[PDB]
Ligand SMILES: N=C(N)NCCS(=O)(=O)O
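As a starting point, one isolated chain is supplied in structure tokens, in the form solved without this ligand.
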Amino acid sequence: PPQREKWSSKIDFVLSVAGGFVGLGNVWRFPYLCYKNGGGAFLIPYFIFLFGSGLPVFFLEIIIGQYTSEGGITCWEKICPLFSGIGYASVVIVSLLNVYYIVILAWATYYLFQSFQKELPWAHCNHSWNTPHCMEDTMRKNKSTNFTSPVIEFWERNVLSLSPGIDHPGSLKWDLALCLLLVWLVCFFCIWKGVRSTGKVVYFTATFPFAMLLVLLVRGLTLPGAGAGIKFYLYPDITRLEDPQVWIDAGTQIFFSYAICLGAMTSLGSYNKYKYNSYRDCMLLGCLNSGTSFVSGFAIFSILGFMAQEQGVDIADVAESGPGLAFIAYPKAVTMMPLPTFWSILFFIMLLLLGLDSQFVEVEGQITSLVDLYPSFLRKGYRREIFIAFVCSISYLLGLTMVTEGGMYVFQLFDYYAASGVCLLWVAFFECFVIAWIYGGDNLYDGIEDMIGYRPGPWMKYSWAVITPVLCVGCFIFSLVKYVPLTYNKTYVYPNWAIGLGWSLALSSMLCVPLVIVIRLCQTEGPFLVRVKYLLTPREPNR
């Protein structure tokens, strides 16, 4: 391990970060979490968390990676050897996230392959998967039995084929399994070979999604009924703020969308030069991420308002209110533009491009963090390609559980418990507490001043010292005191063993800190206080 290879230029670092932390979490997860919580009231805790913990923790991870010049699992050895379980917890969280983050891309691939016909299959109600209820959206207001929309019927009876419950796995769907295999093969081939920053390819891969988003926003804003959707999206409801669910959802959506507590930002920052101003760039990238999410919300809620006006029902009873809101709302939008197939193909290509870069960055970060533990064995003595192939195969086999007829429930369980929620709060709280109260805020500020050239303000120091731990602990305690079980589409109730499995998924990463603390204490010689003093001393964080 001579030295980590630095970036060729700052543009490479900026492009890598932008492609890694802007993606499906901005256009797929934000809208449905906002819709589930009623909209409007979701934006107050969202912005509170964004300006209290979101940017400061992201900058802290980047600056720690740059300072220590080490990955996301070994940097904590040079800051606080006792609290070295944070890296292991992050690697567990990223391993669990990589398994279920790709089923969305499998669904997108299915939709893209299905959009190559003369007429879109989700536009009408005369097919083998339709039910006697299916009625055209144009005729819903004209007449009147619980009618169903062709888009929802398609999504629920052709792509998913939903089962009565999680205890009814049904049979494996081979068409979705083939799409999952295809996307996993593409991901594996784009990592073993190592996709380079081709000037033309990236120039297009990083500009097409924003153009498509602008086109969708312009189309949505001119539909009849967009004003009601915008008012539903913007105006808040103070009564909803008395529940911990909205607070925890909005708080952890920021953590999910900024890719923190994952070990990926530390790895990305480890390739920076020592004398590099990585503060302004981080602020601008956070601005870009938040703006992208906020802009996409306008378009999706305008489409929802138009659909609600057309069908003649409320805006809260038009879509899934779960991980299918985008797949219900955006195809309905593209069915109204001229040449619907062209725009459908373009939209799904944009979705795939947004997802694939994030998946690439996360898997690369996980691999490079797990390799640094044994840099001798897994570099020459054993093949790195074989290790990558084994990881991909195991992840695909594990993700096969969400492809069966009853896999939506497993996907929802994974989304709620793994790589989101209490585990993210736990990791963020421990990172901030360690840095602020064991290493030293001013001690880190000296290194930041040495690296970037100027001393920052007290905002980051205060956020690390007080604001973030208080928010995390308060949200955790508020959620625990008033407990409400998880549901799917506000109607399905999970069995007890499913909740136990979800809590085990959450605890698999949360249990890594005390175990590592105990093992480190047991591996040291001498009196207890001497051992504690020896393991709280930073082992020369390279300055």
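Note that residue numbering follows the sequence shown and begins at 1. C-alpha atoms forming the largest set that superposes within 1.5 Å between two forms make up the rigid core. Residues that one form lacks are left out of the comparison.
- Looking at the other PDB entries for this protein, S144 is absent from the model in a third or more of those that include the residues around it.
- Coordinates are lacking for 4 to 9 deposited residues between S144 and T145.
From this point on, the text means the form deposited with this ligand bound, which you will not see here.
- This chain is drawn without this ligand; in the entry with it bound, the residue among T74, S358, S163, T205 with a heavy atom within 4.5 Å of it is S358.
- Though this ligand is absent from this view, in the entry with it bound it lies within 4.5 Å of a heavy atom of just one residue from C432, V151, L424, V334, which is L424.
- Within this chain, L304 is remote from the site of this ligand in the entry with it bound, having no heavy atom within 4.5 Å.
- Taking the partner from the other structure, this ligand in the entry with it bound has a heavy atom within 4.5 Å of a heavy atom of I93.
- Proximity of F348 to this ligand in the entry with it bound: non-hydrogen atoms within 4.5 Å are absent; the residue sits far from the partner.
- Taking non-hydrogen atoms only, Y416 never approaches this ligand to within 4.5 angstroms in the entry with it bound.
- Although this ligand is not shown here, in the entry with it bound the stretch 75-104 places heavy atoms of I93, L97, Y101 within 4.5 Å of it, in sequence order.
- Residue shifts between this form and the one not shown, rigid core superposed: of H168, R196, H124, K231, the only C-alpha displaced by 2 Å or more belongs to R196.
- The Cα position of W437 differs by less than 2 Å between this form and the one not shown after fitting on the rigid core.
- Taking 2 Å as the criterion, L378 counts as shifted between this form and the one not shown: its C-alpha moves by at least this amount when the rigid core is aligned.
- The protein segments that move between this form and the one not shown, counted as runs of at least three consecutive residues with every Cα displaced by 2 Å or more relative to the fitted core, are 11-22, 196-199, 374-382.
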